[PDB]
>>> print(open('query_37.cif').read())   # mmCIF, N, CA and C atoms
data_run
#
loop_
_atom_site.label_atom_id
_atom_site.label_comp_id
_atom_site.auth_asym_id
_atom_site.auth_seq_id
_atom_site.Cartn_x
_atom_site.Cartn_y
_atom_site.Cartn_z
N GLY A 1 -33.26 -10.84 23.89
CA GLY A 1 -32.47 -11.82 24.63
C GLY A 1 -32.36 -13.12 23.84
N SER A 2 -31.72 -14.14 24.42
CA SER A 2 -31.34 -15.37 23.72
C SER A 2 -30.41 -15.08 22.52
N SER A 3 -29.66 -13.98 22.56
CA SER A 3 -28.76 -13.55 21.49
C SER A 3 -27.30 -13.47 21.96
N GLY A 4 -27.06 -13.26 23.26
CA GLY A 4 -25.76 -12.97 23.83
C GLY A 4 -25.78 -11.55 24.37
N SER A 5 -25.85 -11.43 25.69
CA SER A 5 -25.88 -10.16 26.40
C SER A 5 -24.55 -9.43 26.27
N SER A 6 -23.43 -10.11 26.57
CA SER A 6 -22.13 -9.48 26.70
C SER A 6 -21.09 -10.48 26.24
N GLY A 7 -20.15 -10.06 25.39
CA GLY A 7 -19.08 -10.90 24.90
C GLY A 7 -17.97 -10.07 24.29
N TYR A 8 -18.21 -9.30 23.23
CA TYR A 8 -17.19 -8.40 22.67
C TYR A 8 -17.72 -6.97 22.58
N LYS A 9 -16.79 -6.00 22.59
CA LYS A 9 -17.09 -4.60 22.31
C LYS A 9 -16.35 -4.21 21.04
N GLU A 10 -17.00 -3.42 20.19
CA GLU A 10 -16.36 -2.70 19.11
C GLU A 10 -15.82 -1.40 19.73
N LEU A 11 -14.75 -0.84 19.16
CA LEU A 11 -14.20 0.47 19.48
C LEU A 11 -13.95 1.15 18.14
N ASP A 12 -14.46 2.36 17.98
CA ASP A 12 -14.24 3.17 16.79
C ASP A 12 -12.90 3.88 16.90
N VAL A 13 -12.27 4.12 15.74
CA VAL A 13 -11.06 4.92 15.64
C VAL A 13 -11.18 5.80 14.40
N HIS A 14 -11.39 7.10 14.58
CA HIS A 14 -11.18 8.07 13.52
C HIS A 14 -9.69 8.28 13.35
N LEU A 15 -9.21 8.47 12.12
CA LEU A 15 -7.90 9.05 11.84
C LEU A 15 -8.03 10.04 10.70
N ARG A 16 -7.47 11.22 10.90
CA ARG A 16 -7.42 12.24 9.85
C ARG A 16 -6.26 12.00 8.90
N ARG A 17 -6.38 12.47 7.65
CA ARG A 17 -5.31 12.46 6.67
C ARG A 17 -4.86 13.91 6.49
N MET A 18 -3.93 14.37 7.33
CA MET A 18 -3.37 15.71 7.20
C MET A 18 -1.89 15.77 7.55
N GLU A 19 -1.29 14.66 7.99
CA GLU A 19 0.06 14.63 8.52
C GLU A 19 0.81 13.48 7.86
N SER A 20 0.38 12.23 8.10
CA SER A 20 0.93 11.06 7.40
C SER A 20 -0.12 10.19 6.73
N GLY A 21 -1.41 10.35 7.03
CA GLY A 21 -2.44 9.57 6.37
C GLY A 21 -2.45 8.12 6.81
N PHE A 22 -2.68 7.95 8.12
CA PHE A 22 -3.13 6.74 8.79
C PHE A 22 -1.94 5.83 9.13
N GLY A 23 -1.41 5.98 10.35
CA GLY A 23 -0.26 5.22 10.83
C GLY A 23 -0.65 3.82 11.31
N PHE A 24 -1.33 3.04 10.48
CA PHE A 24 -1.57 1.62 10.72
C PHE A 24 -1.19 0.83 9.47
N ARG A 25 -1.23 -0.50 9.58
CA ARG A 25 -1.09 -1.41 8.46
C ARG A 25 -2.07 -2.55 8.66
N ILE A 26 -2.33 -3.35 7.63
CA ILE A 26 -3.45 -4.28 7.55
C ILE A 26 -2.92 -5.55 6.89
N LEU A 27 -3.16 -6.72 7.50
CA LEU A 27 -2.64 -8.03 7.10
C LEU A 27 -3.76 -9.06 7.28
N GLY A 28 -3.49 -10.34 7.04
CA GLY A 28 -4.52 -11.37 7.18
C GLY A 28 -5.51 -11.29 6.03
N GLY A 29 -6.79 -11.61 6.27
CA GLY A 29 -7.86 -11.52 5.27
C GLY A 29 -7.54 -12.31 4.00
N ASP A 30 -6.81 -13.41 4.13
CA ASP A 30 -6.18 -14.02 2.97
C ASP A 30 -7.18 -14.81 2.12
N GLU A 31 -8.20 -15.37 2.76
CA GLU A 31 -9.36 -15.96 2.11
C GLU A 31 -10.57 -15.10 2.51
N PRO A 32 -11.68 -15.12 1.76
CA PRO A 32 -12.83 -14.26 2.01
C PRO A 32 -13.55 -14.71 3.26
N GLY A 33 -13.15 -14.14 4.40
CA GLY A 33 -13.65 -14.47 5.72
C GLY A 33 -12.57 -14.92 6.70
N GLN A 34 -11.29 -14.94 6.30
CA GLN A 34 -10.19 -14.99 7.26
C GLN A 34 -10.19 -13.71 8.11
N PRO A 35 -9.55 -13.74 9.28
CA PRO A 35 -9.52 -12.62 10.19
C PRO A 35 -8.69 -11.47 9.63
N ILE A 36 -9.10 -10.24 9.91
CA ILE A 36 -8.44 -9.01 9.52
C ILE A 36 -8.13 -8.29 10.84
N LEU A 37 -6.92 -8.55 11.33
CA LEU A 37 -6.23 -8.01 12.50
C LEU A 37 -5.24 -6.94 12.06
N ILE A 38 -5.10 -5.84 12.81
CA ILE A 38 -4.28 -4.69 12.48
C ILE A 38 -2.84 -5.19 12.27
N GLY A 39 -2.40 -5.15 11.01
CA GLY A 39 -1.12 -5.61 10.50
C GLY A 39 0.05 -5.10 11.32
N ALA A 40 0.03 -3.80 11.62
CA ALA A 40 0.97 -3.12 12.50
C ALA A 40 0.34 -1.79 12.89
N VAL A 41 0.87 -1.18 13.95
CA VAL A 41 0.68 0.23 14.24
C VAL A 41 2.03 0.88 13.96
N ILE A 42 2.05 1.98 13.21
CA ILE A 42 3.28 2.69 12.92
C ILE A 42 3.67 3.41 14.20
N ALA A 43 4.73 2.93 14.87
CA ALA A 43 5.19 3.48 16.13
C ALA A 43 5.47 4.98 15.97
N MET A 44 4.96 5.79 16.90
CA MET A 44 5.04 7.25 16.92
C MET A 44 4.21 7.94 15.82
N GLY A 45 3.61 7.18 14.89
CA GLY A 45 2.96 7.71 13.71
C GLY A 45 1.54 8.18 14.01
N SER A 46 0.89 8.75 13.01
CA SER A 46 -0.37 9.49 13.10
C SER A 46 -1.56 8.69 13.65
N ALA A 47 -1.45 7.37 13.83
CA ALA A 47 -2.43 6.58 14.56
C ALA A 47 -2.01 6.35 16.01
N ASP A 48 -0.75 5.97 16.23
CA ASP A 48 -0.14 5.76 17.54
C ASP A 48 -0.25 7.02 18.39
N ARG A 49 -0.06 8.20 17.78
CA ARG A 49 -0.25 9.50 18.42
C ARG A 49 -1.72 9.83 18.72
N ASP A 50 -2.68 9.21 18.03
CA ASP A 50 -4.11 9.33 18.38
C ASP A 50 -4.42 8.46 19.61
N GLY A 51 -3.59 7.44 19.86
CA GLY A 51 -3.65 6.56 21.02
C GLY A 51 -4.98 5.83 21.07
N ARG A 52 -5.30 5.04 20.04
CA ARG A 52 -6.60 4.38 19.90
C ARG A 52 -6.58 3.00 19.23
N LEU A 53 -5.41 2.49 18.86
CA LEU A 53 -5.23 1.22 18.15
C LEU A 53 -4.08 0.50 18.84
N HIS A 54 -4.10 -0.82 18.80
CA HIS A 54 -2.98 -1.68 19.13
C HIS A 54 -2.77 -2.69 17.99
N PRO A 55 -1.52 -3.13 17.76
CA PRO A 55 -1.20 -4.18 16.81
C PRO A 55 -2.06 -5.42 17.05
N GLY A 56 -2.67 -5.94 15.98
CA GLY A 56 -3.45 -7.17 16.02
C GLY A 56 -4.89 -6.96 16.48
N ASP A 57 -5.34 -5.72 16.69
CA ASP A 57 -6.75 -5.42 16.94
C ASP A 57 -7.54 -5.88 15.72
N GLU A 58 -8.57 -6.68 15.92
CA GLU A 58 -9.42 -7.20 14.87
C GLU A 58 -10.30 -6.07 14.38
N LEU A 59 -10.18 -5.72 13.11
CA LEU A 59 -11.02 -4.77 12.40
C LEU A 59 -12.48 -5.26 12.33
N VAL A 60 -13.39 -4.36 12.00
CA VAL A 60 -14.79 -4.66 11.67
C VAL A 60 -15.22 -3.83 10.47
N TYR A 61 -15.02 -2.52 10.53
CA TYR A 61 -15.49 -1.57 9.53
C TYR A 61 -14.35 -0.66 9.15
N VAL A 62 -14.35 -0.22 7.90
CA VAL A 62 -13.38 0.69 7.33
C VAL A 62 -14.17 1.68 6.49
N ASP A 63 -14.16 2.94 6.93
CA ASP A 63 -14.81 4.11 6.33
C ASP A 63 -16.33 3.97 6.17
N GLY A 64 -16.92 2.88 6.68
CA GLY A 64 -18.35 2.57 6.72
C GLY A 64 -18.67 1.18 6.16
N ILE A 65 -17.70 0.45 5.59
CA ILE A 65 -17.95 -0.81 4.93
C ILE A 65 -17.39 -1.92 5.82
N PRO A 66 -18.22 -2.91 6.19
CA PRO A 66 -17.84 -4.04 7.02
C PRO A 66 -16.94 -4.97 6.23
N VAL A 67 -15.69 -5.08 6.66
CA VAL A 67 -14.64 -5.86 6.01
C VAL A 67 -14.80 -7.38 6.24
N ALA A 68 -15.73 -7.79 7.11
CA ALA A 68 -15.86 -9.18 7.51
C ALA A 68 -16.38 -10.03 6.35
N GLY A 69 -15.72 -11.15 6.05
CA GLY A 69 -16.11 -12.01 4.94
C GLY A 69 -15.46 -11.61 3.61
N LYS A 70 -14.74 -10.49 3.58
CA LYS A 70 -13.99 -10.00 2.44
C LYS A 70 -12.51 -10.34 2.66
N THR A 71 -11.62 -9.74 1.87
CA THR A 71 -10.20 -10.10 1.83
C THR A 71 -9.32 -8.90 2.17
N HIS A 72 -8.00 -9.07 2.21
CA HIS A 72 -7.04 -7.97 2.30
C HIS A 72 -7.32 -6.95 1.19
N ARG A 73 -7.33 -7.39 -0.08
CA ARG A 73 -7.50 -6.50 -1.23
C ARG A 73 -8.78 -5.66 -1.16
N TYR A 74 -9.84 -6.21 -0.59
CA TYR A 74 -11.10 -5.50 -0.35
C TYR A 74 -10.83 -4.19 0.41
N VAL A 75 -10.09 -4.26 1.52
CA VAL A 75 -9.72 -3.12 2.35
C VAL A 75 -8.73 -2.21 1.62
N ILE A 76 -7.79 -2.76 0.86
CA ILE A 76 -6.86 -1.95 0.07
C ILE A 76 -7.65 -1.03 -0.86
N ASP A 77 -8.74 -1.53 -1.44
CA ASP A 77 -9.63 -0.73 -2.27
C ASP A 77 -10.35 0.35 -1.46
N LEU A 78 -10.76 0.04 -0.22
CA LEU A 78 -11.38 1.01 0.69
C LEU A 78 -10.42 2.14 1.02
N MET A 79 -9.19 1.82 1.41
CA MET A 79 -8.19 2.82 1.79
C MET A 79 -7.93 3.80 0.64
N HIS A 80 -7.93 3.29 -0.60
CA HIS A 80 -7.84 4.09 -1.81
C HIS A 80 -9.04 5.04 -2.01
N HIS A 81 -10.15 4.86 -1.29
CA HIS A 81 -11.26 5.82 -1.22
C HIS A 81 -11.13 6.71 0.02
N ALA A 82 -10.91 6.13 1.20
CA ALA A 82 -10.83 6.86 2.46
C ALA A 82 -9.78 7.96 2.38
N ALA A 83 -8.62 7.69 1.77
CA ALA A 83 -7.59 8.70 1.61
C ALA A 83 -8.04 9.90 0.76
N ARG A 84 -9.07 9.76 -0.09
CA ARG A 84 -9.67 10.86 -0.86
C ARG A 84 -10.64 11.63 0.03
N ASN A 85 -11.46 10.90 0.81
CA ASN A 85 -12.30 11.48 1.87
C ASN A 85 -11.45 12.29 2.85
N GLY A 86 -10.15 12.01 2.96
CA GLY A 86 -9.20 12.81 3.71
C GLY A 86 -9.23 12.49 5.19
N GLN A 87 -9.87 11.39 5.56
CA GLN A 87 -9.89 10.78 6.87
C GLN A 87 -10.37 9.34 6.69
N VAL A 88 -10.36 8.56 7.75
CA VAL A 88 -10.97 7.25 7.80
C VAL A 88 -11.56 7.08 9.19
N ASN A 89 -12.42 6.09 9.33
CA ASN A 89 -12.90 5.57 10.59
C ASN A 89 -12.69 4.06 10.49
N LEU A 90 -12.12 3.47 11.53
CA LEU A 90 -11.63 2.10 11.60
C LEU A 90 -12.22 1.52 12.87
N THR A 91 -13.32 0.79 12.74
CA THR A 91 -13.96 0.19 13.90
C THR A 91 -13.24 -1.14 14.13
N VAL A 92 -12.57 -1.32 15.26
CA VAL A 92 -11.95 -2.59 15.67
C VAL A 92 -12.83 -3.23 16.76
N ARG A 93 -12.60 -4.49 17.17
CA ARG A 93 -13.36 -5.13 18.25
C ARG A 93 -12.57 -6.20 18.95
N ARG A 94 -12.75 -6.39 20.26
CA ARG A 94 -12.05 -7.42 21.02
C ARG A 94 -12.94 -7.96 22.12
N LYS A 95 -13.04 -9.28 22.20
CA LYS A 95 -13.82 -10.01 23.19
C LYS A 95 -13.37 -9.61 24.58
N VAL A 96 -14.35 -9.22 25.37
CA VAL A 96 -14.25 -8.76 26.73
C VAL A 96 -14.05 -9.98 27.61
N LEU A 97 -12.93 -10.05 28.31
CA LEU A 97 -12.56 -11.19 29.13
C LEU A 97 -12.03 -10.69 30.47
N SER A 98 -12.16 -11.52 31.49
CA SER A 98 -11.52 -11.50 32.80
C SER A 98 -11.60 -12.93 33.32
N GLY A 99 -10.73 -13.28 34.26
CA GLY A 99 -10.59 -14.62 34.80
C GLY A 99 -9.12 -14.86 35.11
N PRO A 100 -8.67 -14.72 36.37
CA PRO A 100 -7.28 -14.94 36.74
C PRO A 100 -6.93 -16.44 36.71
N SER A 101 -5.63 -16.75 36.77
CA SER A 101 -5.06 -18.07 36.98
C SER A 101 -3.64 -17.89 37.51
N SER A 102 -2.80 -17.16 36.78
CA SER A 102 -1.46 -16.75 37.19
C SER A 102 -1.22 -15.33 36.67
N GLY A 103 -0.28 -14.60 37.28
CA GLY A 103 0.08 -13.24 36.93
C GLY A 103 1.46 -12.94 37.47
#
>>> encode(input="query_37.cif", output="structure tokens")
Amino acid sequence: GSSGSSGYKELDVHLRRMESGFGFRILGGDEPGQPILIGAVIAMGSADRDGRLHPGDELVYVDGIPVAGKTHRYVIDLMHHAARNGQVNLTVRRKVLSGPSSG
């Protein structure tokens, strides 16, 4: 305790490379420790059809390596390995919120 009981959840996303090889894109990460939010989801593509990612989901891990504090190019180098592994795992995370005001 004294660490933070509840605030954000990570969500894992496996994607196989057998059809299009990962229907997402990756942007941000422009300085070493800028945010790495899902650049795009390829609509109808091999990630969108897995139904596990949304555009702008903040990444955490790519194929086992924590992208946090690294850059865009860092992940570009990872994807160039994951595509040989013939799948990837993409752990994203989003702060858990509730609290109405208007709707």
>>> resolve_selection(input="query_37.cif", expression="the PyMOL selection byres ((chain A and resi 42-49) around 6)", output="PyMOL selection string")
chain A and resi 20+22-25+40-41+50-53
>>> atom_distance(input="query_37.cif", atom1="atom N of residue A:30", atom2="atom C of residue A:95")
21.8 Å
>>> select_by_dssp(input="query_37.cif", residues="chain A", states="strand (DSSP E)", output="count of residues only")
30
>>> residues_around(input="query_37.cif", residues="residue A:14", least_positions_apart="3", cutoff="7 Å", atoms="all atoms listed in the file", output="ChimeraX atom specification")
/A:87-91
>>> resolve_selection(input="query_37.cif", expression="the PyMOL selection byres ((chain A and resi 70-72) around 7)", output="mmCIF file with N, CA and C atoms, keeping the file's coordinate frame")
data_model
loop_
_atom_site.group_PDB
_atom_site.id
_atom_site.type_symbol
_atom_site.label_atom_id
_atom_site.label_comp_id
_atom_site.auth_asym_id
_atom_site.auth_seq_id
_atom_site.Cartn_x
_atom_site.Cartn_y
_atom_site.Cartn_z
ATOM 1 N N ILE A 26 -2.330 -3.350 7.630
ATOM 2 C CA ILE A 26 -3.450 -4.280 7.550
ATOM 3 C C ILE A 26 -2.920 -5.550 6.890
ATOM 4 N N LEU A 27 -3.160 -6.720 7.500
ATOM 5 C CA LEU A 27 -2.640 -8.030 7.100
ATOM 6 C C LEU A 27 -3.760 -9.060 7.280
ATOM 7 N N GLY A 28 -3.490 -10.340 7.040
ATOM 8 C CA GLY A 28 -4.520 -11.370 7.180
ATOM 9 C C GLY A 28 -5.510 -11.290 6.030
ATOM 10 N N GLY A 29 -6.790 -11.610 6.270
ATOM 11 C CA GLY A 29 -7.860 -11.520 5.270
ATOM 12 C C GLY A 29 -7.540 -12.310 4.000
ATOM 13 N N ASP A 30 -6.810 -13.410 4.130
ATOM 14 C CA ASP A 30 -6.180 -14.020 2.970
ATOM 15 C C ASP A 30 -7.180 -14.810 2.120
ATOM 16 N N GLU A 31 -8.200 -15.370 2.760
ATOM 17 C CA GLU A 31 -9.360 -15.960 2.110
ATOM 18 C C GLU A 31 -10.570 -15.100 2.510
ATOM 19 N N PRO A 32 -11.680 -15.120 1.760
ATOM 20 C CA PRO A 32 -12.830 -14.260 2.010
ATOM 21 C C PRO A 32 -13.550 -14.710 3.260
ATOM 22 N N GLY A 33 -13.150 -14.140 4.400
ATOM 23 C CA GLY A 33 -13.650 -14.470 5.720
ATOM 24 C C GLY A 33 -12.570 -14.920 6.700
ATOM 25 N N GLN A 34 -11.290 -14.940 6.300
ATOM 26 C CA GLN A 34 -10.190 -14.990 7.260
ATOM 27 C C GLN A 34 -10.190 -13.710 8.110
ATOM 28 N N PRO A 66 -18.220 -2.910 6.190
ATOM 29 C CA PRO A 66 -17.840 -4.040 7.020
ATOM 30 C C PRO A 66 -16.940 -4.970 6.230
ATOM 31 N N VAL A 67 -15.690 -5.080 6.660
ATOM 32 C CA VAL A 67 -14.640 -5.860 6.010
ATOM 33 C C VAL A 67 -14.800 -7.380 6.240
ATOM 34 N N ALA A 68 -15.730 -7.790 7.110
ATOM 35 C CA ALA A 68 -15.860 -9.180 7.510
ATOM 36 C C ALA A 68 -16.380 -10.030 6.350
ATOM 37 N N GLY A 69 -15.720 -11.150 6.050
ATOM 38 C CA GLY A 69 -16.110 -12.010 4.940
ATOM 39 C C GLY A 69 -15.460 -11.610 3.610
ATOM 40 N N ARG A 73 -7.330 -7.390 -0.080
ATOM 41 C CA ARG A 73 -7.500 -6.500 -1.230
ATOM 42 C C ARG A 73 -8.780 -5.660 -1.160
ATOM 43 N N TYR A 74 -9.840 -6.210 -0.590
ATOM 44 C CA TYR A 74 -11.100 -5.500 -0.350
ATOM 45 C C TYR A 74 -10.830 -4.190 0.410
ATOM 46 N N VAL A 75 -10.090 -4.260 1.520
ATOM 47 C CA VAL A 75 -9.720 -3.120 2.350
ATOM 48 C C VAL A 75 -8.730 -2.210 1.620
ATOM 49 N N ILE A 76 -7.790 -2.760 0.860
ATOM 50 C CA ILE A 76 -6.860 -1.950 0.070
ATOM 51 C C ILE A 76 -7.650 -1.030 -0.860
ATOM 52 N N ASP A 77 -8.740 -1.530 -1.440
ATOM 53 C CA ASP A 77 -9.630 -0.730 -2.270
ATOM 54 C C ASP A 77 -10.350 0.350 -1.460
#
>>> select_by_dssp(input="query_37.cif", residues="chain A", states="helix (DSSP H, G or I)", output="list in words")
residues 72, 73, 74, 75, 76, 77, 78, 79, 80, 81, 82, 83, 84 and 85 of chain A
>>> closest_atom_pairs(input="query_37.cif", of="stretch 4-41 of chain A", to="stretch 58-64 of chain A", cutoff="7 Å", atoms="only C-alpha atoms", output="JSON lines")
{"residue": "A:36", "atom": "CA", "partner": "A:58", "partner_atom": "CA", "distance": 5.7}
{"residue": "A:37", "atom": "CA", "partner": "A:58", "partner_atom": "CA", "distance": 4.1}
{"residue": "A:38", "atom": "CA", "partner": "A:58", "partner_atom": "CA", "distance": 6.2}
>>> atom_distance(input="query_37.cif", atom1="atom CA of residue A:103", atom2="atom CA of residue A:54")
21.4 Å
>>> closest_residue(input="query_37.cif", among="A:65, A:86, A:57, A:92", to="residue A:17", atoms="only C-alpha atoms")
A:86
>>> atom_distance(input="query_37.cif", atom1="atom N of residue A:94", atom2="atom CA of residue A:35")
12.3 Å
>>> decode(input="query_37.cif", residues="stretch 65-85 of chain A", atoms="N, CA, C and O atoms", output="PDB file, in the first residue's frame")
ATOM      1  N   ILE A  65       9.109  -5.712 -24.811  1.00  0.00           N
ATOM      2  CA  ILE A  65      10.007  -4.629 -24.470  1.00  0.00           C
ATOM      3  C   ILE A  65       9.153  -3.392 -24.165  1.00  0.00           C
ATOM      4  O   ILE A  65       8.299  -3.014 -24.976  1.00  0.00           O
ATOM      5  N   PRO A  66       9.319  -2.788 -22.976  1.00  0.00           N
ATOM      6  CA  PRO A  66       8.592  -1.611 -22.546  1.00  0.00           C
ATOM      7  C   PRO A  66       9.087  -0.403 -23.330  1.00  0.00           C
ATOM      8  O   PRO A  66      10.247   0.006 -23.207  1.00  0.00           O
ATOM      9  N   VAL A  67       8.202   0.161 -24.143  1.00  0.00           N
ATOM     10  CA  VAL A  67       8.486   1.285 -25.031  1.00  0.00           C
ATOM     11  C   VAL A  67       8.578   2.630 -24.283  1.00  0.00           C
ATOM     12  O   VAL A  67       8.975   3.641 -24.871  1.00  0.00           O
ATOM     13  N   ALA A  68       8.248   2.657 -22.985  1.00  0.00           N
ATOM     14  CA  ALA A  68       8.157   3.899 -22.228  1.00  0.00           C
ATOM     15  C   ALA A  68       9.548   4.494 -22.015  1.00  0.00           C
ATOM     16  O   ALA A  68      10.457   3.802 -21.554  1.00  0.00           O
ATOM     17  N   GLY A  69       9.724   5.781 -22.322  1.00  0.00           N
ATOM     18  CA  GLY A  69      11.022   6.445 -22.195  1.00  0.00           C
ATOM     19  C   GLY A  69      11.889   6.328 -23.449  1.00  0.00           C
ATOM     20  O   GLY A  69      12.984   6.892 -23.511  1.00  0.00           O
ATOM     21  N   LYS A  70      11.441   5.558 -24.440  1.00  0.00           N
ATOM     22  CA  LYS A  70      12.078   5.389 -25.734  1.00  0.00           C
ATOM     23  C   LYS A  70      11.328   6.254 -26.753  1.00  0.00           C
ATOM     24  O   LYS A  70      10.561   7.138 -26.366  1.00  0.00           O
ATOM     25  N   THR A  71      11.577   6.046 -28.043  1.00  0.00           N
ATOM     26  CA  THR A  71      11.096   6.911 -29.119  1.00  0.00           C
ATOM     27  C   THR A  71      10.240   6.121 -30.111  1.00  0.00           C
ATOM     28  O   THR A  71      10.098   4.907 -29.967  1.00  0.00           O
ATOM     29  N   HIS A  72       9.684   6.777 -31.132  1.00  0.00           N
ATOM     30  CA  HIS A  72       9.040   6.115 -32.265  1.00  0.00           C
ATOM     31  C   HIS A  72       9.989   5.073 -32.864  1.00  0.00           C
ATOM     32  O   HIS A  72       9.658   3.887 -32.906  1.00  0.00           O
ATOM     33  N   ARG A  73      11.199   5.485 -33.268  1.00  0.00           N
ATOM     34  CA  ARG A  73      12.161   4.606 -33.930  1.00  0.00           C
ATOM     35  C   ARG A  73      12.496   3.345 -33.126  1.00  0.00           C
ATOM     36  O   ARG A  73      12.759   2.288 -33.698  1.00  0.00           O
ATOM     37  N   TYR A  74      12.502   3.455 -31.802  1.00  0.00           N
ATOM     38  CA  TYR A  74      12.687   2.326 -30.893  1.00  0.00           C
ATOM     39  C   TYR A  74      11.688   1.205 -31.223  1.00  0.00           C
ATOM     40  O   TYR A  74      12.096   0.061 -31.419  1.00  0.00           O
ATOM     41  N   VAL A  75      10.397   1.540 -31.327  1.00  0.00           N
ATOM     42  CA  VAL A  75       9.315   0.614 -31.664  1.00  0.00           C
ATOM     43  C   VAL A  75       9.425   0.142 -33.110  1.00  0.00           C
ATOM     44  O   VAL A  75       9.159  -1.022 -33.384  1.00  0.00           O
ATOM     45  N   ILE A  76       9.814   1.010 -34.043  1.00  0.00           N
ATOM     46  CA  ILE A  76      10.013   0.616 -35.439  1.00  0.00           C
ATOM     47  C   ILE A  76      11.027  -0.530 -35.500  1.00  0.00           C
ATOM     48  O   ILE A  76      10.837  -1.490 -36.246  1.00  0.00           O
ATOM     49  N   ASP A  77      12.073  -0.469 -34.677  1.00  0.00           N
ATOM     50  CA  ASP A  77      13.051  -1.537 -34.579  1.00  0.00           C
ATOM     51  C   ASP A  77      12.448  -2.812 -33.985  1.00  0.00           C
ATOM     52  O   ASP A  77      12.794  -3.902 -34.443  1.00  0.00           O
ATOM     53  N   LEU A  78      11.552  -2.687 -32.997  1.00  0.00           N
ATOM     54  CA  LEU A  78      10.838  -3.824 -32.412  1.00  0.00           C
ATOM     55  C   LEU A  78       9.971  -4.518 -33.451  1.00  0.00           C
ATOM     56  O   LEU A  78       9.996  -5.742 -33.543  1.00  0.00           O
ATOM     57  N   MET A  79       9.160  -3.766 -34.193  1.00  0.00           N
ATOM     58  CA  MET A  79       8.258  -4.324 -35.194  1.00  0.00           C
ATOM     59  C   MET A  79       9.029  -5.116 -36.252  1.00  0.00           C
ATOM     60  O   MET A  79       8.585  -6.195 -36.651  1.00  0.00           O
ATOM     61  N   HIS A  80      10.223  -4.642 -36.620  1.00  0.00           N
ATOM     62  CA  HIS A  80      11.144  -5.341 -37.505  1.00  0.00           C
ATOM     63  C   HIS A  80      11.664  -6.663 -36.913  1.00  0.00           C
ATOM     64  O   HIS A  80      12.253  -7.448 -37.654  1.00  0.00           O
ATOM     65  N   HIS A  81      11.505  -6.926 -35.613  1.00  0.00           N
ATOM     66  CA  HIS A  81      11.744  -8.224 -34.981  1.00  0.00           C
ATOM     67  C   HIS A  81      10.439  -9.012 -34.846  1.00  0.00           C
ATOM     68  O   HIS A  81      10.393 -10.183 -35.226  1.00  0.00           O
ATOM     69  N   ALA A  82       9.377  -8.403 -34.320  1.00  0.00           N
ATOM     70  CA  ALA A  82       8.100  -9.057 -34.073  1.00  0.00           C
ATOM     71  C   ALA A  82       7.559  -9.688 -35.360  1.00  0.00           C
ATOM     72  O   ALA A  82       7.098 -10.829 -35.376  1.00  0.00           O
ATOM     73  N   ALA A  83       7.678  -8.994 -36.494  1.00  0.00           N
ATOM     74  CA  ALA A  83       7.238  -9.543 -37.767  1.00  0.00           C
ATOM     75  C   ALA A  83       7.997 -10.820 -38.170  1.00  0.00           C
ATOM     76  O   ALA A  83       7.469 -11.595 -38.967  1.00  0.00           O
ATOM     77  N   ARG A  84       9.204 -11.066 -37.645  1.00  0.00           N
ATOM     78  CA  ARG A  84       9.966 -12.305 -37.853  1.00  0.00           C
ATOM     79  C   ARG A  84       9.443 -13.389 -36.914  1.00  0.00           C
ATOM     80  O   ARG A  84       9.169 -14.517 -37.345  1.00  0.00           O
ATOM     81  N   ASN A  85       9.194 -13.025 -35.648  1.00  0.00           N
ATOM     82  CA  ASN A  85       8.497 -13.883 -34.685  1.00  0.00           C
ATOM     83  C   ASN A  85       7.141 -14.329 -35.231  1.00  0.00           C
ATOM     84  O   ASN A  85       6.644 -15.381 -34.839  1.00  0.00           O
TER      85      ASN A  85
END
